[PDB]
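Computed from the coordinates by the stated procedures, all read-outs in this text should not be read as laboratory data. A quick note on method: Cβ atoms are made from the backbone with ideal geometry, for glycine too, and the neighbour counts reach across all protein chains shown.
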Amino acid sequence: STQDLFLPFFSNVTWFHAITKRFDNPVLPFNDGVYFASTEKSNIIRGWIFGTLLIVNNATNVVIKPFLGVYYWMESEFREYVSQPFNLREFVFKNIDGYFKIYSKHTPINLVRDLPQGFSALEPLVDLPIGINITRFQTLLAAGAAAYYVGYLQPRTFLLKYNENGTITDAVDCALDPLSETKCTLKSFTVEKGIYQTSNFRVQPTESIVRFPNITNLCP
Amino acid sequence: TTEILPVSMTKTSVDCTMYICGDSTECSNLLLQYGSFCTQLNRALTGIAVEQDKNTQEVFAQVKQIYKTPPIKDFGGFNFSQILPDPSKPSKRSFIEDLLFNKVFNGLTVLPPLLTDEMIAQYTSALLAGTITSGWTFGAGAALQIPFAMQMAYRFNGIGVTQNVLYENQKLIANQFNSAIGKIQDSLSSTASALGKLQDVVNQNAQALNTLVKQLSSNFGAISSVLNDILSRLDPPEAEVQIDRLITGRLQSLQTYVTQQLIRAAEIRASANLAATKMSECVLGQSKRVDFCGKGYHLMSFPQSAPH
Amino acid sequence: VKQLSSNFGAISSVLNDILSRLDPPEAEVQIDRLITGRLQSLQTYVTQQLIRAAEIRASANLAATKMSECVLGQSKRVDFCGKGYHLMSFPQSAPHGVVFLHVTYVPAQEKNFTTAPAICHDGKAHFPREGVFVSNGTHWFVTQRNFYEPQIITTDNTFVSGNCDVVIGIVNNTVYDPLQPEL
Amino acid sequence: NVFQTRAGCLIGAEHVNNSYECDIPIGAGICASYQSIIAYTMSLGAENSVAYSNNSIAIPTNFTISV
């Protein structure tokens, strides 16, 4: 059972479509973290720009110091850490304790559906000690077949099943259905017949009434 | 004669976080550091509570089928009105259960018992009507009828007297039995320090809950016993020393309630085990075990229910 | 084991870190918090084991009573050893317990017959020595109580104690004498 | 399907006026089982009445040995 910022199961992920002309490089705020399943056959989606200081993670390199007009490819777009010079790609970006942590997995099986239904865990790719603040981010792209889905990560508790070789193979979000909360209490993915206590329901207060007397004579 | 035996105790649960802290995020954050102490306690109190419903099931639910007394009562000269269910009152309570029953917050909840006091009294009426109409037979295999004036005479030939004694003196034995059940209502009514055995279990549990609630009003060495005041009138870094004194203190009061309840639940489990043995060896048969079931040779015994 | 990973209020849950990164006078303050908590955690385990050992001693004591009274003799105690009348029981071991296979005789195929407290012959009330007087509609017979083995009423299976007046329910039938045919 | 019981409020189960043996024990005489999940009052057991008469006995005529 792990408590961390994870994307809640069965959530609504904003879908930006570059199709007519549709340009999607807008204000998406990095409130806590940002799952980003860019799926691009032509490799049009190549970079992400983060900002409050810009932790640019361009196709060429990660430099810590608005679109790329890349055509058949000019790359002079701007408004210091440096790094090694450089289907579904499911990057998860978080900025905890000043380290920008990115975890990613590219699934070779292509997506006939907009997002496939499977558990593919994301292996850590890189950690950079930027020591900076990020408040909003924006994608950087060469419209073509461009689909980037952004869903913000939220504090959650998940029970993750590790196989025999250490690969997470299943998980249960423990704040969703009543059954999912019960599975976490028993620490098992299979329940048995019975009445099992899960939590406590407390009616939360509404206002804050403060009543003192009518009060008499003030100061002379 | 009469034996009052305790079988079950109130099933109560304490939510540790609400008792130790109380609608305060600051206290809850300090409490998680201590560990699984809070979740070990809730499981102990759940264990005492489930077992308090296996204790009631074993003593009473020994009859698979509910038996029913014949509509016309001609038991041979014997009157069992003071033990048999009377329809005018709770309708499950005979003249002696009603007499018996009458003679008897914050983070704390009392869970309800699974077999309600009516169902505990439909089990006692099955055991009583099966015994008056069948005998030792109901609890061995299939249930077989025997005239009551002849169920005794087989229970008088197990104490060593012969059958002729009952048939020749059946009117005296019937008047001696009817009169004796009648005094049991006077004895358990006008003068019962007998129901004390069942009452001490109610009183001892309540004095322990009262002590837990009072400990919520003791400083344990902090500036105040009220979490709101310590936090409101102190700076956040130095309040944590004062809350940690309350959390160590309040947690010790809950560990003492849970240990004392685990020790007292065990004594009720032994009384529930003797009561289950007395139901099977005394109501469901005749015992040659001296003084297990009354002072004298044993003829028959009759179950009657009570508050717990 | 998993309470060795709780701070209990100290800076760190690992003794080496507290000792290495804090000065020795201060560390004793942080180390003491671990010692007090990790000792309450051992005291709770020992106390729950002491209460749970007693539940096992009571099951170990009931199992020994069942071996002596049920394996090494027949028991007349009702429901101590199976539902039925006990014939024999066999002891079989299990990981950390014993399983007893209790043989019992459960009566079956009941039939209903009319019966009398005593039978009056020659102005005397004859009561059954060991058995129940039963009637198949027209004839009176003495049968054992737990199985139906009808037998003719004779002086051998009946005892005389009194006159027809005292018992309520005496039926009138003829009690045979084995000697009279021979005489 | 909200139902109010003495042991709380049970949401997700339908009261059935029938009665059966207890499967999952909700509390205060109410149990629940997969019929849907049905909440029913527990049934203590079958109901049988022995004939009982001043002059009638029933004597077993066969046996069963049972381990």
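Placing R0 at 51 angstrom, the Cβ-Cβ distance between C:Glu55 and D:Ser49 gives a FRET efficiency of 0.80 after rounding to 0.05. Extents of the range A:107-215, taken as max minus min of Cα coordinates on every principal axis and listed largest first, are 72, 48, 33 Å.
Of interest is the spacing of the C-alpha centroids, which for the range B:170-224 and the range A:115-130 amounts to 65 Å. For the pair the range B:26-70 and the range B:136-165, the centres of their Cα atoms are 41 angstrom apart.
When the helices in chain C are scored as -39500 (n - 2.57) per DSSP H run of 4 or longer and the sum is shared across all residues, what 222 nm value do you end up with, to the nearest 500 deg cm²/dmol? Calculated mean residue ellipticity at 222 nm is -10000 deg cm²/dmol.
Beyond 20 Å, how much of the Cα-Cα pair distribution for the range A:1-202 remains, as a whole percent? Summing the P(r) tail past 20 Å for the range A:1-202 gives 62 percent. Listed values for the range B:126-137 are Karplus-derived 3J(HN,Hα) couplings in whole Hz (6.51 cos²θ - 1.76 cosθ + 1.60, θ = phi - 60°), namely 5, 5, 5, 7, x, 5, 5, 9, 10, x, 6, 5, and x replaces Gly and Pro.
Exposure proxy for B:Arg289, C:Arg77: other Cβ atoms within 10 Å of each Cβ, ordered fewest to most, give B:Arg289, C:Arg77. What is the sum of charges, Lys and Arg at +1 and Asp and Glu at -1, for the other residues whose Cβ falls under 10 Å from the Cβ of B:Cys282? For residues surrounding B:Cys282, the net value is 0. Taking Cα centre as origin and charging only the Cβ of basic (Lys, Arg, +1) and acidic (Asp, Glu, -1) residues, the dipole magnitude of the range A:1-202 rounds to 300 debye. Summarising the label geometry, the points placed 7 Å from Cα in the beta-carbon direction at C:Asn173 and C:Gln48 lie 6.8 nm from one another. Helix C:24-66 sits at what angle to the longest principal axis of chain C, using alpha carbons and giving 0 to 90 degrees rounded to 10? Roughly 10 degrees, rounded to the nearest 10. Each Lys or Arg adds one and each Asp or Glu takes one away; over the other residues whose Cβ falls under 15 Å from the Cβ of B:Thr211, this sums to +3. For D:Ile59, the amide hydrogen comes within under 5 Å of the amide hydrogens of C:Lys111, C:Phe113, counting only partners 5 or more places away or on other chains and with H modelled in the peptide plane.
Taken over chain C, the alpha-carbon convex hull comes to 238 cubic angstrom per residue. One quarter of the convex hull surface built on the alpha carbon atoms of the protein assembly as shown amounts to 57.3 nm², the projected area averaged over directions. Candidates A:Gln204, A:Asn43, A:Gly194 compared by Cα position along the dipole of chain A: farthest toward the positive end lies A:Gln204, with charges placed on Cβ. Fewest neighbouring Cβ atoms within 10 Å first, the residues A:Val210, C:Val132 line up as A:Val210, C:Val132. Only the Cβ atoms of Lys and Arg (+1) and of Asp and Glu (-1) were treated as charged; on that basis the dipole of the protein assembly as shown about its Cα centre amounts to roughly 300 debye. If R₀ is 30 angstrom, what is the calculated FRET efficiency for the pair D:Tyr20 and B:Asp117, using the beta carbon separation as r and rounding to 0.05? For D:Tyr20 and B:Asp117, the calculated efficiency is 0.90.
On the basis of the beta-carbon distance and an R0 of 51 Å, A:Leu125 and D:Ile37 show a calculated FRET efficiency of 0.65. A simple count of charges around B:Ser305, restricted to other residues whose Cβ falls under 11 Å of its Cβ and scoring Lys, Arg +1 and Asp, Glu -1, yields -2. From helices alone, chain A scores -1000 deg cm²/dmol at 222 nm; the rule is -39500 (n - 2.57) for each run of n ≥ 4 DSSP H residues, then divide by the residue total. Sorted ascending by nearby beta carbons within 10 Å, beginning with the fewest, B:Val283, A:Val150 become A:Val150, B:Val283.
Distance from the alpha carbon centroid of the range A:175-195 to that of chain D works out to 28 angstrom.
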